[PDB]
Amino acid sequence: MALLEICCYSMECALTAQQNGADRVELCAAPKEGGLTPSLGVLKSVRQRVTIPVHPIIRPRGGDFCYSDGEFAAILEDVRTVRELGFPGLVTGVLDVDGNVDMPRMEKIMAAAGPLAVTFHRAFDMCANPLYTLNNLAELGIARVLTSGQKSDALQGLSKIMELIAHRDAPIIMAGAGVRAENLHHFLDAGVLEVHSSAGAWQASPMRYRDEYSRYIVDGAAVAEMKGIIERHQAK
């Protein structure tokens, strides 16, 4: 059956995701930045508490993926860090100014990653040629790619995703961006092998003395609901 990956911004989310049927978790920090590299403290906390596969994101800042040399140095050390801590995979991506995968720098990341399964994130949706990009990711040894079919949301890009899936010798295609219980069946029917969802919402701050009063948390019920949909899909 299809693999369910949940985007998490805390160790507790990863646990809640796990307890509710998630098969994998992408670990990030800074939801308002779209996801940045977690601190060592969070990484260690996850390694001691979460058992399902966790792939931390390696992203020093928001915005584009054309990092400076300084930022890249940090990226390589963070890749080494995640590998040394024992995570089974990681999520990252570097592009050149023309919307192409930065092959030389991605090669250095792959070298540092060693045996870890590397996911190329939505930087993919910013690439000029999706097919040539898939070829490039395969050449690098990338395990999977997170994509919305190069559209605002994965559903709108589902027809493209089905085209991408038919491409031989390519990383696994994981649909992401707007995937939820309500539309999951569309991706399953399309034949998508893996799906990615934040399945979260902003929670109000418990502060009684006073956007600085809200937290981003995962909806465990939504995770459970999606896993259920996946289970029933291959049984009915």
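Don't overthink the numbering: it's just position in the shown sequence, from 1.
In this entry, residue 210 is separated from residue 211 by 10 or more residues of the deposited sequence that have no coordinates. Two stretches are in play, 143 to 151 and 160 to 168, and the higher mean C-alpha B-factor belongs to 160 to 168. Higher average CA B factor: 124 to 132, of the stretches 124 to 132 and 101 to 109. Across the options 58, 46, 201, 192, the residue with the most elevated CA B-factor in the record is 201. Comparing the C-alpha B-factors of 37, 197, 68, 205 in the entry, the top value falls on 205.
In the PDB entry, a CA B factor belonging to the lowest third of its chain's modelled residues is recorded for residue 173. Residue 54: CA B factor in the lowest third of modelled residues in this chain (values from the PDB entry). Sorting the modelled residues of the chain by their CA temperature factor places residue 8 in the middle third. Annotation for residue 181: CA B-factor lies in the highest third of the chain's modelled residues.
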